[PDB]
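Here is what each chain is made of, one letter per residue.
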Amino acid sequence: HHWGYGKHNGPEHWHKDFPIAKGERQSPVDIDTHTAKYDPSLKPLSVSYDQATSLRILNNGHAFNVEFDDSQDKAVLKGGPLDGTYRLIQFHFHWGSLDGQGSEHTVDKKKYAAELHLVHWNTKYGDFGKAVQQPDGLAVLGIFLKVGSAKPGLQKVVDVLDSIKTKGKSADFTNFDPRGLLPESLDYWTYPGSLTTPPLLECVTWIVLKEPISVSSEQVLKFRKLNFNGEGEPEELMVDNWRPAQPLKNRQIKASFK
Ligand SMILES: [Zn+2]
């Protein structure tokens, strides 16, 4: 029926409705650190989020998205392996039912408790909907979360989750600064891949940061309280909303560091 993360509609079944699921440039992947090529021609990333305007937080039934005003160049990513400017449209997370799983990308097969994705679209395409149809349409920053100390900048998000508990609920969410979600270092790995949920389009330049951020146990515990279902439907906790690692195929992972 419609895709999700259960036993009957889970990632193993997606190919039946989205044949691109078995494509040549599918994400996520395992990052083999000893095989990644250091590329000294990669520039440092440029993150300009000082003019970011968050607007709303929504439970879409598969994750929660915080959405930003992308009608102008307010929060952009450039540099790194990118050509052109990419505007932040939304961020969301992937997490697990236990601390030992939850991330989509893995490092030398190590899984993290969660993974943050900051989604940006290439301005040359005029809108998000046009950008997903292009090989260089999106740039996604992936950030791993490990359980340790609390991340102060994530608490505003944690606190509003009670109000978007079930699918379709949304809440006003203004004045949130995504700078509070970045690690100290911007060292990264990069490769060409896709969206990790249907429609699985192969339009993404992935930028995965080497340094994880820490969250407390209680912070991630609040994520696990969300629901996949709509209000008044039987309760299914929103956990394990992560796609397993896909074959690298003909692709090289490049590192911005050695
Ligand atoms: Zn994602």
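Deposited coordinates in this entry are attributed by the record to X-ray crystallography, at a stated resolution of 2.1 Å.

**Q** Help me understand the pattern of salt bridges in this model?
**A** Here the idea is simple: oppositely charged side chains can pair when their charged atoms come close. Tallied over the full model, the rule gives 10 salt bridges. Note that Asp127 is salt-bridged to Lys130, the shortest N-O span being 3.1 Å. Judged by relative accessible area, which is 32%, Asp127 ranks as partly exposed.

**Q** Got a minute to help me understand the nonpolar core in this structure?
**A** Note on soluble globular proteins: their nonpolar side chains tend to be buried together. Counting residues in each nonpolar core, the largest one holds 49 residues, and the members touching the most others are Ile57, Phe64, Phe91, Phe93, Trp95, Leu118 and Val157. When residues of this core are traced back to their parent elements, those giving at least two are β5 (64-68), β7 (86-95), β9 (114-122), β10 (138-147), α2 (155-160), β13 (204-209), β14 (213-215) and α3 (217-223). When residues in this core are grouped by element, the largest group, 5 residues, is from β7. Among the nonpolar cores identified, the runner-up in size contains 24 residues, and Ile31, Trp121, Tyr191 and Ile253 belong to it.

**Q** Explain the coordination of the zinc ion to me, please; I cannot follow it from the model alone.
**A** Ideal geometry at a metal centre gives angles of 109.5 degrees when four donors are arranged tetrahedrally and 90 or 180 degrees when six donors are arranged octahedrally. Within the protein, the zinc ion binds to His92 (NE2), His94 (NE2) and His117 (ND1); these donor distances fall in the range 2.1 to 2.2 Å. Counting gaps between the donor residues of the zinc ion yields the pattern H-x1-H-x22-H. Here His117 lies in strand β9 and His92 lies in strand β7, a separation of 25 residues in the sequence. Of the two residues, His92 and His117, both sit in the buried class.

**Q** Can you help me understand the packing of aromatic side chains in this one?
**A** Two aromatic rings are characterised by how far apart their centres lie and by the angle between their planes. Applying the stated criterion across every chain yields a total of 15 aromatic pairs. On the basis of an interplanar angle of 75° and a centroid distance of 5.9 Å, the ring pair of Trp3 and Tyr5 is categorised as edge-to-face. Of the two residues, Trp3 and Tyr5, both sit in the buried class. Between the aromatic rings of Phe68 and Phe91, the centroid separation amounts to 6.0 Å while the plane-to-plane angle is 40°, which identifies the pairing as tilted. Residue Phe68 is found in strand β5, and its partner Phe91 is found in strand β7; the two are separated by 23 residues along the sequence.

Each value, and the rule that gives it
Residues numbered from 1 in each chain as written, not as in the entry; some residues may be left out. Heavy atoms only, no water. Salt bridge = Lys/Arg side-chain N within 4 Å of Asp/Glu carboxyl O. Buried < 20%, exposed > 50% of the residue type's maximum accessible area, 1.4 Å probe, protein only. Core = buried A, V, L, I, M, F, W, Y, C linked by side-chain atoms within 4.5 Å. Helix = DSSP H or I, 4+ residues; strand = E, 2+ residues; numbered from the N terminus. Donors = N, O, S within 2.8 Å, 3.2 Å for Na, K, Ca; no water. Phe/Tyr/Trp six-rings, centres within 6.5 Å; stacked < 30°, edge-to-face > 60°.

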